[PDB]
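Trainee: model this:
(6 chains, ligands or ions: 8)
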Amino acid sequence: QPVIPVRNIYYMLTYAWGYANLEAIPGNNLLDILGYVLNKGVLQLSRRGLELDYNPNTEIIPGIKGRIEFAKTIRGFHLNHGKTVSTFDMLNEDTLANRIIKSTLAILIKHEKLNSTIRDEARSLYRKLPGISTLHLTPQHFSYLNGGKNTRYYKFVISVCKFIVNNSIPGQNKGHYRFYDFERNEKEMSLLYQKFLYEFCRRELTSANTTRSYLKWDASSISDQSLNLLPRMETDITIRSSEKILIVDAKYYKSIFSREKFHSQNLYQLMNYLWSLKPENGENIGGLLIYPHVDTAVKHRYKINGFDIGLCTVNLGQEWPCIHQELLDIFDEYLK
Amino acid sequence: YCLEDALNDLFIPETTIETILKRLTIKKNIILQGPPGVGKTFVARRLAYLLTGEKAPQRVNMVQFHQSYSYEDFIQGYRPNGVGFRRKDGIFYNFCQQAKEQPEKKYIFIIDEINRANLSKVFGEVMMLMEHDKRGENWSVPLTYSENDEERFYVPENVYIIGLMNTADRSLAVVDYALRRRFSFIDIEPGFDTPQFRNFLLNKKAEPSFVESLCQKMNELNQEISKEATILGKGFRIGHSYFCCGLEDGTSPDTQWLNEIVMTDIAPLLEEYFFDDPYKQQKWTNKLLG
Amino acid sequence: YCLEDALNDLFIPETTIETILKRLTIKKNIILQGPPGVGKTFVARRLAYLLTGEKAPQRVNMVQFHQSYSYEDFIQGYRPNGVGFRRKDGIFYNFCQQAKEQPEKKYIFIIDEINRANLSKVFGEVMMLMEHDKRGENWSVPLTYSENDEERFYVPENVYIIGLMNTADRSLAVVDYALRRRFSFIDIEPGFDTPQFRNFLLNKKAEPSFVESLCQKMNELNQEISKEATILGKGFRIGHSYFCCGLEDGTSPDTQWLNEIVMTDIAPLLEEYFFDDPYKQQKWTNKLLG
Amino acid sequence: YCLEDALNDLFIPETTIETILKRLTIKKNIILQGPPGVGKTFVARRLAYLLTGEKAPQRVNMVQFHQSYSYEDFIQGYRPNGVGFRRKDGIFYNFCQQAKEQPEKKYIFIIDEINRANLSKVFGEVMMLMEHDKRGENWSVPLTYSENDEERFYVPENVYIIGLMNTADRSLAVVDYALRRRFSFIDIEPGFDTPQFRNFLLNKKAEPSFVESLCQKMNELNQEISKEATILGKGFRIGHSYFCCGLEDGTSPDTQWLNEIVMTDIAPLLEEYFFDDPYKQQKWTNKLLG
Amino acid sequence: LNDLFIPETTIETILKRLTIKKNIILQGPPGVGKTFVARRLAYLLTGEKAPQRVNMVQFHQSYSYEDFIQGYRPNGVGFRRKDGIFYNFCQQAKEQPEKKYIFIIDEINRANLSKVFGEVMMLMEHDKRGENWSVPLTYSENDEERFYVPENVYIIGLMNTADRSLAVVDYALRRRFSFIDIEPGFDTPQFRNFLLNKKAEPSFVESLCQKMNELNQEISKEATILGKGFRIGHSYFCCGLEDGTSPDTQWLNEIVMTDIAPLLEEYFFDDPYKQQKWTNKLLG
Amino acid sequence: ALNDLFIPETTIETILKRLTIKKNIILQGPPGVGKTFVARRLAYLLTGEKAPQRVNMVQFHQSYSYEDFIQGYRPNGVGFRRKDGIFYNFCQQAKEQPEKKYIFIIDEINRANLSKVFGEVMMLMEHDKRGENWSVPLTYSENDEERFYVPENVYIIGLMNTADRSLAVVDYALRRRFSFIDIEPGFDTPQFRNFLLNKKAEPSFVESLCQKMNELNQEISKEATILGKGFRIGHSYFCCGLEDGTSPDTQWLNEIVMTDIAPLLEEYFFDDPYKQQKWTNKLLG
Ligand SMILES: Nc1nc2c(ncn2[C@@H]2O[C@H](COP(=O)(O)OP(=O)(O)NP(=O)(O)O)[C@@H](O)[C@H]2O)c(=O)[nH]1
Ligand SMILES: Nc1nc2c(ncn2[C@@H]2O[C@H](COP(=O)(O)OP(=O)(O)NP(=O)(O)O)[C@@H](O)[C@H]2O)c(=O)[nH]1
Ligand SMILES: Nc1nc2c(ncn2[C@@H]2O[C@H](COP(=O)(O)OP(=O)(O)NP(=O)(O)O)[C@@H](O)[C@H]2O)c(=O)[nH]1
Ligand SMILES: Nc1nc2c(ncn2[C@@H]2O[C@H](COP(=O)(O)OP(=O)(O)O)[C@@H](O)[C@H]2O)c(=O)[nH]1
Ligand SMILES: Nc1nc2c(ncn2[C@@H]2O[C@H](COP(=O)(O)OP(=O)(O)O)[C@@H](O)[C@H]2O)c(=O)[nH]1
Ligand SMILES: [Mg+2]
Ligand SMILES: [Mg+2]
Ligand SMILES: [Mg+2]
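Mentor: Numbers count the residues shown, from 1 in each chain, chains lettered A, B, ... in the order given. Ligands and ions are numbered 1, 2, ... in the order given. Here you go, the structure:
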């Protein structure tokens, strides 16, 4: 039951969210890593300054501040006890984005399995934000912020905060928390991997164009033009260049970590993607199977039904730059 | 006032409108909860004339709620004169007073966009009287602004209250506590896959095949909306009134007319809905065009 | 007044302009969403003269929403008189009375920067009434501060409303989807591609290569803007207003003039746009200069 | 007033000043952005007398914005005269009436620390009007608190606006991109490596070797600040003012004087800019002294 | 200059900076006599022990520009514009230019300083003092009527270093203010001489400095979480011994549980053992 | 009075040593500790005359504001008048009598924003700054003819409770000006046992009950985060109902277990009924 070294996982998450030295931290487990980013990440913001969004406030005060609302004043007779119903703009850091940070930190402190120094620093910051109000967090809170007015930097830590909240489980005690065993589940790990590549390829493969391509079946049915019954088919990624087009389907399987029979069931999807897809340019059509392995990388080529297909692997756990080196080498060969 | 005049044009099933009539006679405090463009405001005017059986304006009164609406205007309150402060009977107070004269005849009050204002601020004390069981002079109360305890106000049993609420905003996830107890929610469906919606188009010189292809897409589209729960629930789904409008001249339905509606209404809405995924906009927006 | 006079200087295609009137005349309330500098304010004053067919200001009204507009201000509110308060009819109520003075001649109300104000709070009762179908005496409604003697306000049929929401500020966007159905949203592009834009420069002593050079770079840059959606969406792409102005004195358009624009206004805007790596600034700044 | 009278003690190059006056005559609205301590406030009052050409303060108005400033204070709003409230012509409103009386003479409004106050809320109606091509009666607008549509406010052409916005705080920035367009943004540099700054020092009986050593020190440090744009942009870099004032007594600028100021002002400043690195604090501090 | 426990050099540094710069910030932990320093110092600069000239206030988060400078507030009849203290105070010194009038602001960090000061955040600068730099205030009815700091005014700011708020950092205000740190001063003989001039044991006073410094160094040990700004002040020892009770180890035992222990709790949060250790170490 | 109080005499002596010097104090403890009854007896103790008139008590809440506490404008029959609050009225009464100590009780202080209520005055209540020297004109004091100063005689007591886990860290404002004291429930103390043996309680019934409560109060404080030392149960429930005229008995205790402790225990844990049922039954036997 072998798994990836935890430090390497953080890099793929970064590309997934689209935005460093982790040698310093000694806690191998993820939450130690993840908290150190957040705990330090907030500190980066505070140096420049946290977001202050003007919240208009309509309240009853003993005097004129901003704009008086004449109606509520007369109806409540607040003139008599020397008060007005007035609208004015207090400037707070109490916005939803910043509130999430402090509320997120509470769970971070409450986590049972955590480095003490990390918990020490976090508890300091928790105190350092008195004005902001604690909250009981839900995904809908993160949902409201998908508008993304905030800076590019804020969206990073919030993406971190989203990962923590969804991957937080109460542990030994009712109050305390315990981290999810993220690596063990394949689906989210695979869904990470599928998303990891799509954003990664845009960065490095500037030469090529990277798109996820929706496809329509070549079928026609006398029954229905809709073909709703047919499976929805959307490529994981397509990486088109003028000389050659190329589709990749990548998934995380547990069997493959064992070096025997091979689990390539996803391949069955691939041919039908090649088939229904028709290029006007007619430059070429290629496919790739790429999986994560631990020890070593092996690359093969295939010529099956008029299609050029590759099976390849990467030895995650080696080193991130050499891993980064390997991927650029990989796509270059097949793309050519 | 025949039902046939009222109900023929309507897209909603005869099942739901009749069920609506049941709870309305039973409880008299109703909320119609659905997204915009399904005729929530459209039906509500018809139901009043249905139940009364006549087209009479006096017995029916309509309002739209907003943040500024308050007790002092709704029920009773003081309006300044040149210097002095004069009390004024509000609408709902005056409305029941008319209804008191004719207890036999049904009287209706229509409240659009009720969630926008908190009911407690406006109704307040009257939420005691408003409930279906605690109506009539037996439960009479003197008002906050009554000069003396002697004068009292009771909601006569004759009045029925209708509330139109739209499930399009994130704030409404925390539905107000006041409404749930005193009002009975009813859902209004979008109603694409209905004969009468189809029959409306067919009468207006529409190809039958063109209609059914459209409905499958919208029903397919709304299915995608409803599947999400975090950002867009089932209540966010599209109504059936974008397509109703614009055919009054007689211009025949076609993909050409559809494209104007799509580009000018539904695509930027989808940009608003599907901000994070431009491709999902491209996926659906182009899907309709085909 | 006629289209040729209006569209003489406008850089917008004819396509949208008729499409605008297609949506407007049926729907009567519209919104134009585009980045700043595409003539949103510019066309809107001109469009009013088309529908009336005349260059008249009297039937037209223009205002801007500044995040302190209120229902007391727009429609009906209380203002202090010398010692004591009075009720004052707001601007729209004052406007509508003139509009219904003669139904034949169309009346236009223009709201710049409409997105800012909390429109549900401001309009209140009007949010239902503005719609094309729900106009006239049939849908007459009593206002909040209306007199106890029943006096009702209905949106006249002749009235047309136009809204102008810039697409830069994401937060300041319509999330009241019930309200977004009343309006129809018309995307407006930057206006670079058009020859009518190009003709303006050549008429003002411009080289076609330098002209065609300019148009080539911006559209590529707007793609770089349009490529992202996380921070800089499609709407952020740059308008053409910067280049329009400053040439009346006789300064011919050249790299000297272009260089002044680039360093002075756009390049500061760019560093705020990206604010992650200057190289992205250094690249695109130099590209324009080359 | 005359140009050279101002330039004698001014550290900024004349080209920028010429660039400033070139835009300002055109755009009529500008924003000067730089770190604190570079004479934004210093130049601005001088610049007004240049642009008018006459040292008349009556035509000049200077204010500092802050959080507790609103449209009611700035432009117009209802405020208590006494027992009875009145509509109060705001400060900018009053200034504009003065400018109308003398259209020929330029009138200038100077806003320090502009970025603090919520500008969208403050300007509002002005946000459209202030543009150089939209000034005049043709674009006259009725205000929020205007009695009727006829009461309208238009900015005159003569008006010039000068805005001062520090670059130290990323929290408070003019992210409102629409507003960014109205103002023409002029960056300003600390200007250590200028003869005019050095000539002032040498005029104050200063060692030429010490001067050039000093200028080299900060110039390198400022570039170090500009390097790590992710954490700290060039906008954070140190100004020249710390060194400017304090020699009025006649004290010669010895190293001891410099050693004192660094301990009192710059030392903690470095600590905050570099919270994590103590070595970097000691490194740069010691580098200046040695 | 006699009973002060702080070095003569720093106050001499302060006096020159204050006279020249005209604004200063004294930043240090609570209990170092920031108030008494400024209060003593204000009397020095004036040259007379005059309290009417000197005014002291304690900001708090809700304190506002309405209170400080100008504001609309109710009289018996109705609402009026009420000149806040600083406007009233500057007007008072404006009557008498020659003498030096002083305004002391405690717990400055808590409030949103930009909001409170507002307009004067520019005017307060030493060079920009006079009618030439006058501006009309926010609530000023007419533009012509303005407010300007006079040259005599000097402002002193007392700042607690124990509540860092990662909400607003302003480096522009730091330009106006010349920052001066204050150490507790246990090592200083002048603090020690007070106790030896109160019939203290020579070892007991000397032993205390060893005890606190070991604690103080630990507080300043971890620069990231804490600093010298957090370390303990001395003033707790000043009070409570003028009754006539000379120092003794029993007296020390009272203060530690009474006063210092909550401070430790705050700093050494969720670490009872370290509190027990360092607390008991002082007892030894 | 000394014997009637159930806490150690040592703490009672300690407080007077604290309050007399510090002049500002706050008592933080579980509910049902007799915080109100404690302070009054302590207040009367300091003066020595047992005068309730000298003492004035206030209970804070979030709505409570400066207008109620100090000064504000209230409607007249026509128009409005300046209306003196409690504390402004209170101290001026004490100003006449400098020698006489006057006490002020602020219950549930932590709920409200101290700044909003006090306003200006929060610095003047710090012991060092008292008397004529530290005079300040008030916000609503239109004239400068008269200034308000809290005199030295004043002592201020604050009743705070550590009952609620919802409570976050105390406001910084409090910590500076207030000396925090934690009060034990006082079950172990002899004075509480002598109040039950005076009612003919069995020493076995007494010792078992002292043993019974101590184990729970230890257990509730065993929890690190959710339930601290502040949560643990107080003795006030045992007082009321014995000296009224009804003798102690297991059924009388059994009634009290159902009365308050059984619902109180549920709220604290709020997770496991068996954990409550175990302890609730354990109390019975
Ligand atoms: N002909 C016809 N029109 C319908 C039908 N249902 C709705 N409409 C039309 O849809 C338009 C708006 O209906 P409406 O009740 O206002 O929707 P709403 O729920 O009130 N909108 P909102 O939620 O935004 O307030 C009207 O033209 C209405 O007549 C229908 O069944 N038949
Ligand atoms: N001559 C001419 N000028 C145009 C054209 N389009 C835009 N402009 C000019 O660009 C400038 C600004 O136009 P404007 O309507 O205010 O754009 P806006 O979207 O309203 N601005 P904002 O979004 O900031 O409110 C004006 O000089 C305007 O005349 C055009 O087609 N022809
Ligand atoms: N003598 C002289 N002083 C200058 C010159 N330039 C700037 N200064 C000085 O630097 C100080 C501040 O000027 P100021 O405009 O307020 O700087 P600022 O950037 O606006 N500061 P802030 O942004 O914080 O308001 C004054 O002492 C000013 O005279 C100069 O060229 N000559
Ligand atoms: N003699 C003498 N007394 C001091 C010294 N520092 C503080 N005190 C006294 O300590 C008491 C409290 O000072 P305080 O201002 O409240 O502490 P701070 O505000 O936190 O700095 C007053 O009597 C001060 O005068 C000092 O250095 N020397
Ligand atoms: N006789 C006597 N009664 C006490 C003692 N301690 C508390 N009480 C009683 O307990 C009750 C007050 O408890 P308290 O905790 O203040 O109530 P709470 O404020 O609601 O929490 C009164 O009946 C007090 O007289 C005591 O030591 N002696
Ligand atoms: Mg409706
Ligand atoms: Mg515009
Ligand atoms: Mg300045």
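Trainee: Okay, and the nearest residue to residue B:67 once chain neighbours are set aside sits in which element?
Mentor: When the adjacent residues along the chain are set aside, residue B:67 lies closest to residue C:121, with 4.9 Å between them (CB to CB, 6 or more residues apart in numbering or on different chains). All C-beta spots, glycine's among them, are computed from the backbone N, C-alpha and C. Element membership of residue C:121 [criterion: DSSP states H and E] is helix C:119-123.
Trainee: who's in contact with that helix?
Mentor: When contacts are defined by CB atoms under 8 Å, 6 or more residues apart in numbering or on different chains, helix C:119-123 is touched by residues B:66-68, B:113, B:116, C:65, C:69-71, C:73-75, C:127, C:130, C:174, C:176, C:179.
Trainee: Also stretch A:141-152?
Mentor: With contact meaning CB under 8 Å, 6+ apart, stretch A:141-152 is reached by A:19, A:51, A:96-97, A:100, A:135, A:155, A:158, A:161-162, A:165, B:170, B:230-231, B:275-276, C:169-171, C:173, C:230-231, C:275-276, D:170.
Trainee: And for stretch A:200-208?
Mentor: Under the criterion CB under 8 Å, 6+ apart, residues A:12, A:15, A:210, A:237, A:239-241, A:324, A:327-328, A:331, A:335 lie in contact with stretch A:200-208.
Trainee: gap between the two ends of it?
Mentor: Taking CA to CA, to the nearest Å as the measure, stretch A:200-208 stretches 12 Å from start to finish.
Trainee: Please compute how far it lies from its chain's middle.
Mentor: 19 Å (CA atoms, centre = their mean, to the nearest Å).
Trainee: Out of the contacts of stretch A:141-152, list just those in helices.
Mentor: Judged by DSSP state H, the contacts of stretch A:141-152 include A:96-97, A:100, A:155, A:158, A:161-162, A:165 as members of helices.
Trainee: Wondering if stretch B:212-219 reaches chain C at all.
Mentor: No - looking at stretch B:212-219 against chain C by CB under 8 Å from any CB of the partner chain, there are no contacts, and the closest approach is 15.1 Å.
Trainee: In PDB, could you pull the C-alpha coordinates for that stretch?
Mentor: Output for stretch B:212-219, consisting of C-alpha atoms alone and laid out as PDB, is shown next (Å, rounded to 0.1, in the frame of the first residue of the first chain):
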ATOM      1  CA  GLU B 212     -39.900  19.600 -29.100                       C
ATOM      2  CA  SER B 213     -36.200  19.900 -29.900                       C
ATOM      3  CA  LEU B 214     -36.200  23.100 -27.900                       C
ATOM      4  CA  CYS B 215     -38.000  21.600 -24.900                       C
ATOM      5  CA  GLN B 216     -35.600  18.700 -24.600                       C
ATOM      6  CA  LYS B 217     -32.600  21.100 -24.500                       C
ATOM      7  CA  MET B 218     -34.100  23.400 -21.800                       C
ATOM      8  CA  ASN B 219     -35.300  20.400 -19.800                       C
END
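Trainee: Pull out the buried residues from it.
Mentor: When neighbours are counted by 16 or more other CB atoms under 10 Å in any protein chain shown, the buried residues of stretch B:212-219 are found to be B:214-218.
Trainee: and residue B:179, what does it touch?
Mentor: Contacts were defined as CB under 8 Å, 6+ apart; by that measure residue B:179 touches B:31, B:114-115, B:119, B:163, B:165, B:185.
Trainee: ok, back up a step: distance of the residue nearest to residue B:67 from residue C:72?
Mentor: Look at residue C:121 and residue C:72: by CB to CB, to the nearest Å, they are 10 Å apart.
Trainee: Please enumerate the shared neighbours of those two.
Mentor: Joint contacts of residue C:121 and residue C:72 (CB under 8 Å, 6+ apart) are residue B:68.
Trainee: So the two - more neighbours on which side?
Mentor: For residue C:121 against residue C:72, the residue with the higher neighbour count under other CB atoms under 10 Å in any protein chain shown is residue C:72, and the figures read 22 against 16.
Trainee: quick one, helices of the stretch 101-250 of chain B?
Mentor: For the stretch 101-250 of chain B, the helices identified by DSSP state H, counting those that start in this stretch occupy B:119-122, B:127-130, B:177-182, B:195-203, B:208-227, B:241-244, in order along the chain.
Trainee: from the contacts of stretch A:200-208, which would you call buried?
Mentor: Burial by neighbour count, judged by 16+ other CB under 10 Å, picks out A:12, A:15, A:210, A:237, A:239-241, A:327, A:331, A:335 from the contacts of stretch A:200-208.
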